[PDB]
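Participant: For reference, each letter of the sequence shown is one residue, going 45 to 123, 201 to 301, 325 to 355, 357 to 396, 409 to 492 in the entry's author numbering.
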Amino acid sequence: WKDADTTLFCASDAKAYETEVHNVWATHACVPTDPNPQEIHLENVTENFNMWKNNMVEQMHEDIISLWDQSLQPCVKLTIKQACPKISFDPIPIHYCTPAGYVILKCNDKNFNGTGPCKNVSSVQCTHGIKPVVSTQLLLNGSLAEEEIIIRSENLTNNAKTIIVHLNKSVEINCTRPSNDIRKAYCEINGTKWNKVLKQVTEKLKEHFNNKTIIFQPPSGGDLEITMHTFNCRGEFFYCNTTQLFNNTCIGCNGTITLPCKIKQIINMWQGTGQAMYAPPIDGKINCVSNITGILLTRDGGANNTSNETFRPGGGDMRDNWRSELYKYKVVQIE
Ligand SMILES: C[C@@H]1CN(C(=O)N2CCC[C@H](C(=O)Nc3ccc(Cl)c(F)c3)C2)C[C@H](C)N1C
Ligand SMILES: *[C@@H]1O[C@H](CO)[C@@H](O)[C@H](O)[C@H]1NC(C)=O
Ligand SMILES: *[C@@H]1O[C@H](CO)[C@@H](O)[C@H](O)[C@H]1NC(C)=O
Ligand SMILES: *[C@@H]1O[C@H](CO)[C@@H](O)[C@H](O)[C@H]1NC(C)=O
Ligand SMILES: *[C@@H]1O[C@H](CO)[C@@H](O)[C@H](O)[C@H]1NC(C)=O
Ligand SMILES: *[C@@H]1O[C@H](CO)[C@@H](O)[C@H](O)[C@H]1NC(C)=O
Ligand SMILES: *[C@@H]1O[C@H](CO)[C@@H](O)[C@H](O)[C@H]1NC(C)=O
Ligand SMILES: *[C@@H]1O[C@H](CO)[C@@H](O)[C@H](O)[C@H]1NC(C)=O
Ligand SMILES: *[C@@H]1O[C@H](CO)[C@@H](O)[C@H](O)[C@H]1NC(C)=O
Ligand SMILES: *[C@@H]1O[C@H](CO)[C@@H](O)[C@H](O)[C@H]1NC(C)=O
Ligand SMILES: *[C@@H]1O[C@H](CO)[C@@H](O)[C@H](O)[C@H]1NC(C)=O
Ligand SMILES: [Cl-]
Numbered sequence: 045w046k047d048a049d050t051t052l053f054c055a056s057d058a059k060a061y062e063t064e065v066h067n068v069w070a071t072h073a074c075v076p077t078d079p080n081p082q083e084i085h086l087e088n089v090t091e092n093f094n095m096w097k098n099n100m101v102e103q104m105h106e107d108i109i110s111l112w113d114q115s116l117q118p119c120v121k122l123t201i202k203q204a205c206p207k208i209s210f211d212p213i214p215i216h217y218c219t220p221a222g223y224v225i226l227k228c229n230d231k232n233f234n235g236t237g238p239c240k241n242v243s244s245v246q247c248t249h250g251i252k253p254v255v256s257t258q259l260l261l262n263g264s265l266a267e268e269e270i271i272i273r274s275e276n277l278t279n280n281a282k283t284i285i286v287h288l289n290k291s292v293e294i295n296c297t298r299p300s301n325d326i327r328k329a330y331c332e333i334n335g336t337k338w339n340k341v342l343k344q345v346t347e348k349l350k351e352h353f354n355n357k358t359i360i361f362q363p364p365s366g367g368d369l370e371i372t373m374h375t376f377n378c379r380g381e382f383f384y385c386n387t388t389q390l391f392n393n394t395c396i409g410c411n412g413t414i415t416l417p418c419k420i421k422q423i424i425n426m427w428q429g430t431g432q433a434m435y436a437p438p439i440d441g442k443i444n445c446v447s448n449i450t451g452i453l454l455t456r457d458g459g460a461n462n463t464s465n466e467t468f469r470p471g472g473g474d475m476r477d478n479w480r481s482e483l484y485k486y487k488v489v490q491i492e
């Protein structure tokens, strides 16, 4: 093989009858999953990949952009008025497959950080059931670390680049908007479970920073979407204040940590650049049961001449959410 890139295609397990809109777009944009797909570990052939220079991330990105533009349509989009009926919405696993001529190579070593030489390399024709979850700060409904928690970064020293933390435990949030404000919402997280995981996070993160005294803090400057944990639940965008996770120390607090949320009608687009307003949340209890499997953080710019390094959660670029699950695939050209 040789390093090359070709516009791949997708594969879904969707249903042709459901009107949940992830299915709808995937049914008429992807083919059925390969019934019998097979992996083959190349006998001691070692290959090196790197996510931050992967093209399927960019290509997958373009997919969900076009998907949402087809799907989540706004009443008004300042980037034009349209129709905005409230629809069903729930992530579906999506696979990606090379066309005739190329093959995806996947890394199987449990300690891989996503940059450098993998030894246990195998060959696939399609990816795995990647769930395209759009969310900020923390990583939702993603994979799971096959060993220790892993810190993924294009360049640890460069602080303008984002840092992804892949958790080996799936700590969990439980967000709800009960019925008769119509926009009051709240997520509940087990305090000691997430804090036992984060006290591990800082200790398996200090090791990359010369045993410098690490420390966590809340976002310093932003536009809600980056400062507040923003995601989509049952078609509604949820802005949730996560100051109780990176500030409520405990590194008298082992109960259910409860964070507040608001349902924002106006949303600064994650796809292009601009605002887009919708309509009120539909009546009835709106509950989503999601898994935190990772977090996105941004280092300090300036904490050089210090004994510390404060970390703040990262947002904006949704490519890193795509990178998090695509950290193990690289498309190669068979020759
Ligand atoms: C061209 C630029 C433009 N962007 C941008 O200006 N912002 C600032 C306002 C908020 C954007 C954002 O993430 N929004 C968001 C919406 C829904 C949900 Cl559910 C979510 F989780 C997040 C990020 C996007 C960026 C990728 N791109 C580089
Ligand atoms: C390489 O990864 C595959 C996938 O699980 C599996 O055979 C095993 O973990 C590794 N193989 C060897 C020989 O260690
Ligand atoms: C996760 O990885 C950390 C290493 O930082 C380890 O201490 C911990 O026991 C691991 N947990 C699980 C459930 O594997
Ligand atoms: C990733 O692993 C490679 C090879 O083991 C190493 O050179 C590199 O420093 C690691 N990167 C991070 C961010 O740990
Ligand atoms: C990482 O960032 C530092 C500081 O900007 C720079 O000196 C270094 O060359 C970068 N690494 C790479 C591989 O470019
Ligand atoms: C959440 O995590 C648990 C344990 O890691 C797993 O069994 C479950 O399938 C996950 N849920 C989703 C929706 O991924
Ligand atoms: C999630 O929160 C709601 C509201 O507090 C609660 O009724 C539900 O039982 C919670 N989920 C679980 C699995 O306990
Ligand atoms: C940090 O301290 C631990 C002591 O538990 C030691 O094992 C490790 O080598 C130290 N690493 C650095 C980078 O100072
Ligand atoms: C989150 O709540 C804290 C109070 O606990 C508040 O100081 C902070 O401003 C809130 N976050 C945002 C983005 O307003
Ligand atoms: C995560 O998966 C669960 C289980 O299917 C689902 O209920 C929840 O809505 C998902 N979270 C998001 C943000 O889509
Ligand atoms: C200070 O930070 C810059 C980039 O933020 C980096 O290039 C430089 O090496 C740092 N200095 C020290 C002493 O770490
Ligand atoms: Cl041999």
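In this text, a Cβ means the ideal position worked out from N, Cα and C, and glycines have one as well.
Can you list the residues near ligand 5, meaning Cβ strictly closer than 5 Å to any non-hydrogen atom, in the order they appear in the chain?
Facilitator: Counting every residue whose Cβ lies closer than 5 Å to a heavy atom of ligand 5, we get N276, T278, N279.
Participant: Going by the beta-carbon positions, is the gap between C228 and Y330 smaller than 7 Å?
Facilitator: Taking the first residue of the sequence shown as position 1, residue 228 is located at position 107. Taking the first residue of the sequence shown as position 1, residue 330 is located at position 186. No, Cβ-Cβ distance for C228 and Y330 is not below 7 Å.
Participant: Straight-line CA distance for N80 to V245?
Facilitator: As a first step, residue 80 must be located in the sequence shown, where it is residue number 36. As a first step, residue 245 must be located in the sequence shown, where it is residue number 124. Whole-angstrom Cα-Cα distance: 11 Å.
Participant: So is the beta-carbon of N461 under 6 Å away from any non-hydrogen atom of ligand 11?
Facilitator: Here residue 461 corresponds to residue number 304 of the sequence shown, with the count starting at 1. Within the cutoff, so yes.
Participant: Drop a sphere of 10 angstroms on the beta-carbon of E381, count the other beta-carbons inside from all chains shown, and report buried for 16 or more, exposed for fewer.
Facilitator: If you number the sequence shown from 1, residue 381 lands on position 236. Counting Cβ neighbours within 10 Å, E381 comes out buried, since at least 16 surround it.
Participant: I need the straight-line Cα distance from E482 to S256, nearest angstrom please.
Facilitator: By one-based count along the sequence shown, residue 482 stands at place 325. By one-based count along the sequence shown, residue 256 stands at place 135. Taking the straight line from one Cα to the other gives about 14 Å.
Participant: Near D440, what residues of its chain come up, given a Cβ to Cβ distance below 7 Å and the 5 sequence neighbours on each side ignored?
Facilitator: On the sequence shown, position 283 is the one that residue 440 refers to. The residues are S300.
Participant: What three-state label does DSSP hand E482 in the structure shown?
Facilitator: Here residue 482 corresponds to residue number 325 of the sequence shown, with the count starting at 1. Three-state DSSP puts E482 in a helix.
Participant: Apart from the five residues on each side of it in sequence, which residues of its chain come closer than 6 Å, Cβ to Cβ, to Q114?
Facilitator: Position 70 of the sequence shown, counting from 1, holds the residue named residue 114. Around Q114: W69.
Participant: Helix, strand or coil, according to DSSP, for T375 in the structure here?
Facilitator: Indexing the sequence shown from 1 puts residue 375 at position 230. Three-state result, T375: strand.
Participant: Within its chain, find whatever has a CB closer than 7 Å to the CB of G429; leave out the 5 residues flanking it on each side and keep chain order.
Facilitator: On the sequence shown, residue 429 is found 272 positions in, with the first residue counted as 1. So the list reads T123, once near-sequence residues are dropped.
Participant: Starting from the C-beta of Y484, find all residues in its chain whose C-beta is less than 6 Å away, skip the five residues before and the five after it, and write them out in chain order.
Facilitator: The residue you call residue 484 lines up with position 327 of the sequence shown. Contacts found: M95, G235.
Participant: Taking any heavy atom of ligand 10 as the mark, which residues have a C-beta closer than 7 Å to it, listed down the chain?
Facilitator: For ligand 10, the selected residues are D211, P212, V254, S256, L261, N262, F376, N377, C378, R379, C445, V446, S447, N448.
Participant: When burial is assigned at 16 or more other CB atoms within 10 Å of the CB, is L86 buried or exposed?
Facilitator: Stepping through the sequence shown from its first residue, residue 86 is reached at position 42. Counting Cβ neighbours within 10 Å, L86 comes out exposed, since fewer than 16 surround it.
Participant: Going by DSSP, name the residue or residues bridged to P470.
Facilitator: On the sequence shown, position 313 is the one that residue 470 refers to. Answer is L454.
Participant: Listed by chain order, which residues have C-beta atoms less than 6 Å from any heavy atom of ligand 3?
Facilitator: Taking each Cβ in turn, the ones that pass are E269, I270, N289, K290, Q344, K348.
Participant: Comparing the CB of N232 with every heavy atom of ligand 2, is any distance shorter than 6 Å?
Facilitator: The residue labelled residue 232 in the question sits at position 111 within the sequence shown. Outside the cutoff, so no.
Participant: Can you list the beta strand (DSSP E) stretches of 3 or more residues lying completely in the stretch 208-245, in chain order?
Facilitator: Here the runs fully enclosed are 215-218, 223-228, 236-239, 242-245.
Participant: Rounded to the nearest angstrom, what separates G412 and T336 at their Cα positions?
Facilitator: The residue you call residue 412 lines up with position 255 of the sequence shown. The residue you call residue 336 lines up with position 192 of the sequence shown. If you take the alpha carbons of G412 and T336, they lie about 7 Å apart.
Participant: Name the residue from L260, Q422, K340 whose alpha carbon lies nearest to the alpha carbon of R480.
Facilitator: Position 323 of the sequence shown, counted from the start, is the residue given in the question as residue 480. The shortest Cα separation from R480 among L260, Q422, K340 belongs to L260.
Participant: Alpha carbon to alpha carbon, how far is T248 from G366?
Facilitator: To locate residue 248, count along the sequence shown from 1; it is residue 127. To locate residue 366, count along the sequence shown from 1; it is residue 221. In a straight line, the C-alpha of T248 is about 37 Å away from that of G366.
Participant: Measuring only the C-alpha atoms, how far is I270 from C395?
Facilitator: Here the question's residue 270 lines up with position 149 in the sequence shown. Here the question's residue 395 lines up with position 250 in the sequence shown. Approximately 20 Å, taken between the alpha carbons.
Participant: Compare the Cα-Cα distances from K442 to each of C410, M475, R327, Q344 and report the closest residue.
Facilitator: Taking the sequence shown and counting its residues from 1, one reaches residue 442 at position 285. Ranking the options by Cα distance to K442, first place goes to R327.
Participant: Looking only at its own chain, which residues have a Cβ that is under 6 Å from the Cβ of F233, when we skip the five neighbours before and after it?
Facilitator: Position 112 of the sequence shown holds residue 233. These residues qualify, in order along the chain: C239.
Participant: Is it buried or exposed, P253, if we count other Cβ atoms within 10 angstroms and call 16 or more buried?
Facilitator: Numbered from 1 along the sequence shown, position 132 holds the residue referred to as residue 253. Buried.
Participant: Taking Cβ to Cβ, would you say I420 is nearer than 7 Å to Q432?
Facilitator: Within the sequence shown, the letter at position 263 stands for residue 420. Within the sequence shown, the letter at position 275 stands for residue 432. Not in contact: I420 and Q432 (Cβ atoms no closer than 7 Å).
Participant: Given 6 Å as the limit, tell me if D49 has its C-beta closer than that to any heavy atom belonging to ligand 1.
Facilitator: The residue you call residue 49 lines up with position 5 of the sequence shown. Because no heavy atom of ligand 1 lies under 6 Å away, the Cβ of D49 does not count as near it: no.
Participant: My output table needs one value for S291: the three-state DSSP class, helix, strand or coil.
Facilitator: Here the question's residue 291 lines up with position 170 in the sequence shown. Here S291 sits in strand by DSSP.
Participant: Near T375, what residues of its chain come up, given a Cβ to Cβ distance below 6 Å and the 5 sequence neighbours on each side ignored?
Facilitator: In the sequence shown, residue 375 corresponds to position 230, counting from 1. Within the same chain, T375 has close Cβ partners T257, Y384.
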